[PDB]
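Secondary and tertiary structure notes
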Amino acid sequence: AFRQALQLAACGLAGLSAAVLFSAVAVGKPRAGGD
């Protein structure tokens, strides 16, 4: 996992990891309280 951390760390900086969060934020807690 030491050598795999080199490709994994660069795999997240890609910007895709950020798109995954936005999904986990809704599937867990629905948007209740918009303004």
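Here the focus is the overall build of the chain. Within the chain one finds 2 helices and 0 strands. Once the C-alpha set of the chain is aligned to its principal axes, its extents read approximately 45 × 15 × 10 Å. For the chain, with 35 residues in total, the buried portion stands at 0%. Carbon and sulfur atoms make up 66% of the accessible area of the chain, which totals about 3,600 Å².

To continue, consider the UniProt feature "transmembrane region" in the chain. Within this structure's numbering, the places UniProt gives as "transmembrane region" are residues 6-28. The annotated region residues 6-28 carries 87% helix and 0% strand content, and the separation between its end C-alpha atoms amounts to 30 Å.

As for its position among the elements, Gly33 is in the segment after α2 (16-28). Taking C-alpha positions, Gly33 is 25 Å from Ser17, a pair spaced 16 residues apart along the chain.

As for its placement among the helices and strands, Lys29 is situated in the segment after α2. Considered as a pair, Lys29 and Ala9 are 20 residues apart in the sequence and their alpha carbons are 28 Å apart.

Basis of the calculations
- Per chain, the count goes from 1 following the written sequence and can depart from the entry's numbering; residues without coordinates do not appear at all.
- Only hydrogens and water are set aside when side-chain values are computed; all heavy atoms of the structure are taken into account.
- Secondary structure is summarised from DSSP: a helix means a run of H or I of at least four residues, a strand means a run of E of at least two, and numbering begins at the N terminus for each.
- Three exposure classes are used, based on accessible area relative to the maximum for each residue type with a 1.4 Å probe and protein chains only: buried under 20%, partly exposed in between, and exposed over 50%.
- Areas reported as accessible are Shrake-Rupley estimates using a 1.4 Å probe. Residue values count occlusion only from the protein chains shown.
- UniProt positions are given in the numbering used here, feature names are shortened, and annotations may be inferred rather than shown by experiment.

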